[PDB]
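Chains: A, B, C, D, E and F, in written order; residue numbering restarts at 1 for each.
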């Protein structure tokens, strides 16, 4: 079974920078986009980040641009997120997520000359990992 | 960008009930490929989320035969017949038309 | 020396008047597939760097394109529909009890007398000494045909895409009036969403300027061109039809039935419109800022009207039903508008070709935005009737050009002689 | 679905380039002249007008391929000649235009002389070189 | 009152054969691609408008009039994990055009603007001597 | 190792599935000289094909008889061939007149000839008449003593068909345009879906006689010496049971009434016809089947109806539901329409029949509601021998009843082999070679 395991959790002070880790199981991983989601301690959920299977394109939300950095290594089957310049109110539980389908390579539009990656929903998470910013 | 809502979230149940919760969105989220972006998840409390429905009236495999959602355009509903005791938790609606991705409150379910 | 090297594929263009093709997003609407091709997957855009190009929205043909198409695409679903000649008889029409609705009586239009009907006031006409008697308003002019009941009416977010060898251009400067050149240019495969909305005196469900208001005209130092103003912050409108109607199809002629109005369940109340009186006042004062540029300072207040009930009233559609609203009282927080519902109309003011509305049972209410207004000075008084300038409200950017692929230029390379 | 910026200079893209620079996008312009991307996704369910516009686009295409066939230059995109320039057309010299001017302006310098160029390329390049075959 | 067996080849006759056996067969699929109440005429233009496109793309690539030709565009092993002799001796074409279906747009851009555009500015400027 | 470079190929034999337009390619003999054959529309394309065929022997293409487009392009075209031919003929709007109909001297049928005043093209004076009218087209109206009216006045128009034309179902060969190869499965064990073994390639399809009949299929085309029966799910109850039996069952149906010519009043240049006199003695029309072979047939069907579940409980039942047009068996015979009673044909089984036929005149179009064609026959009696190569059943001890509401399913039985694919002739592959570069 695709058993995504998540680790690298750490509780620190604001102004610092930590990095998580997400490792998979029984899984080729070279052609799969990943995600990061946020369960604030009483809130529902909100998306954070996204990456390609190519590790060529990375889209974020508006907030953490200039704070985060997502990077795959399909040799390692391990995902990194070095979270520079933390806030206190971003204390939550972070996860990773395999995409529902297998994504493919980009298909280049012949007219625009402009690539298009394809991103869909997720289906399998990991167990969760803990990052807390307090004093 | 594009956002969406739910019903009144807390809904106590009855064994063998037609439970249904809508999720109306601020857009017709039909993609270019004719695949309507809609993702129904669920978490029991103390657990990770878990997929129920990956597209409109398309249950996810390995999950039982009691979960028949629907919808079109703006509003999208998730009808469950045969309510059981393993239904406790939240229901997460999800867009996938365009970044950023949104969710909802998560409809509370107890007996 | 200089030898003339042939170049194929050089991107230059003339301007060409040609034919486009409509693409509509996606039951049994006349605009659904019986006029256009199905759903639009994606519109594209390539923005171009170092390019200047003139534009005009009055020497344009795309705005002439719909007026030569919606005149006929509307006409396509009027050939097989039921013509109504034999109704043109003596119409003994007396007032309805609880007189702008008249109970009428006439001899039978049978397939083999003294039948009955009741309908709106503005489709009868008085006649000679036997009073309380009438006739239709178009008999000794031309024919009259009811619509087929299975016909939709909703304006569809159409997309004019472009055929082979023809690129549609699009300027993008925010400071762009109706004419003149442009700098931030861009090429699209296909236009944005346009909806075919029919209106007099105003501009319903149109499109919004970028947080501003800018009027547009060409010869505004004449009374020639109509000063057309786009509106930021659409004003919401509410219009109803509270009379719970009933219908029936009494038999017409040899082997046909005629959809008319039954009894009006619920007593006679006028169908009207609403508008919030706060928003309308500030919105006009936005325009007089821009009127000051082409001129407390509200020198302009005056309204005029006169002539055609298509032009005197405010004509538009709601739920497949035509309205005709009084607008003098509105020009000068809810505001009730006396608004008339005619039933025999003229489609694009052409002489003769008449169309009859389907009397819908039940109740009708619709709401809409407003993105523009229609004005004529000499101070500004609302015009109406010219259907083509509804279309110029959307296509005030676009242009159709024909690709010339081929070119030459001299160079210092000569063709080597074959041995 | 996301999309990164173009690195291959899409349709009409180099219209602001100089004449020595826009020559790298000659292939993109030629391909999409014919039929564009294919519309009309097989929806034949329910005219005459439609197909006259479809037939003209082929005739615009076949005009030029035959004309490059007479000009000894079928298949290529850029080909030379044996015809020297006549500066009465435009005496504007080499780098006055080449690294200074786009293509829309170079066409608006040679439009009066257009058909005059075409007879000279016909005769002195292939009607000439037909008399070198032997 | 006629009849004899096959002599040369049939139409689509190599479409279950290998590439090394179908490569000597291309002319039969090349001839009959074009020749073969308005609704005949609407077919007689689509059959033309498909032929010009495939003719046009060969024209841009410096490969018009030839049935086969080579370029200088390098094959990228990211496109195919298949070994060489498996391709030329084991795989049919109908299978093969499901495997490189996604990469096709990358290929066609990387023929023109890669090489045959570049083989003209290099070509035109080999003069002056 | 070596460097590899891409190599362009042209005319590569591949395909994808496409949905394109096929065209009629009919017979082309005896279409001239008054043959206004409405199926042929005067020999639509005069090809008379030479249907060649190339075996491929290494090709497996996953067919489907149920999601096929070719059956959809027939049901578009057939009513489209009606609609241009239904246009120029005589409209029958001004005829819906109240009647006075009395009993006719030599059951419920032709008893009533009628009379009504009409003034069609002269437009001066009305005139009463005499006609011949069956049942299944008249209504005894209210508040009057024995007064009739046609059943389909207050629908859409009731334009007839002209007597020049003929509905004679000549076999039509569908050929393929350029860049499209119609394929055909070569396994006769082909159960309807899934793959095939050694699919061939034909220019043009085999004989398809586009006959029109409910509850059976008359002049059809039959498989080899096993009986094959296909359906969609074949477990689901509300599906259609397509039956292909390995032998033919011969049918005779005749109309013994000596109907004749006639002269009914003229429209504007439009002579209208309503069936002239019988010779003087009435015999009701009937189909006439050799009932031994039919009795032989249905035990042969449950041989091959059986082998998908157990070895028990097979029956046969007659149809049910609604007005007799969907109950009774419908088919045409040479410009004439038959509704025959077929209840006798469906006795149950276990592990010379004469059928009472009924004829009407005002006949609905086959699938659209609205307009309706009409045709009075030619002189003399009518006889047509025919065949049977299939019938249409439903599921419901396991009950089989003769269903049917779509002859596309008949055309699905005719087109259970075919698939149209477009050529994508251009293709690329790598090798060691490289363009010469200077």
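Just so we're on the same page, a residue touches a chain if its C-beta (ideal position, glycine included) is under 8 Å from a C-beta of that chain, and two chains touch if they have at least 3 such contacts.
**Student:** Relative to the centroid of every protein C-alpha atom displayed, which chain's own C-alpha centroid is closest?
**Tutor:** Nearest to the common C-alpha centre lies chain C.
**Student:** Please name the chain that ends up farthest from chain B once chain centres are defined by their CA atoms averaged.
**Tutor:** Computed centres place D farthest from chain B.
**Student:** Can you work out the whole-Å distance between the CA centroids of chain A and chain E?
**Tutor:** The answer is 42 Å.
**Student:** Could you put a whole-Å number on the gap between the CA centroids of chain A and chain F?
**Tutor:** That pair's centroid distance is 61 Å.
**Student:** How many angstrom lie between the centres of chain C and chain D, each centre taken as the mean Cα position?
**Tutor:** That gives a centre separation of 41 Å.
**Student:** Go ahead and note the Å separation of the Cα centroids belonging to chain C and chain F.
**Tutor:** 46
**Student:** Using the touch definition from the top, which residues of chain A touch two or more other chains?
**Tutor:** In chain A, 59, 108-113, 119 touch at least two other chains.
**Student:** Residues of chain F touching 2+ other chains?
**Tutor:** 20-21
**Student:** Pull out every residue in chain D that's touching 2 or more other chains.
**Tutor:** 1-2, 6, 8-11, 13, 23, 25-28, 30-31, 34-37, 45, 54, 76-78, 80
**Student:** Under the definition above, what is the set of chain F residues touching chain D in their complex?
**Tutor:** Residue list for chain F touching chain D: 18-21, 76.
**Student:** Residues of chain A touching chain E in their complex?
**Tutor:** Within the complex, chain A contacts chain E at residues 104-105, 107-110, 113.
**Student:** Residue numbers of chain E touching chain A in their complex, please.
**Tutor:** Chain E reaches chain A through residues 102-103, 105-106, 108-109.
**Student:** Residues of chain B touching chain A in their complex?
**Tutor:** Within the complex, chain B contacts chain A at residues 37, 39, 48-49, 51, 54, 60, 90, 92, 94, 96, 99-106.
**Student:** For a test of understanding, state which residues of chain E touch chain F in their complex under the given definition.
**Tutor:** 10-17, 19, 22-23, 25-30, 32-37, 39-40, 42-44, 46-47, 50-51, 54, 57-58, 61-63, 67-75, 80, 84, 87-88, 92-94, 96-97, 100, 107, 111, 115, 119, 126
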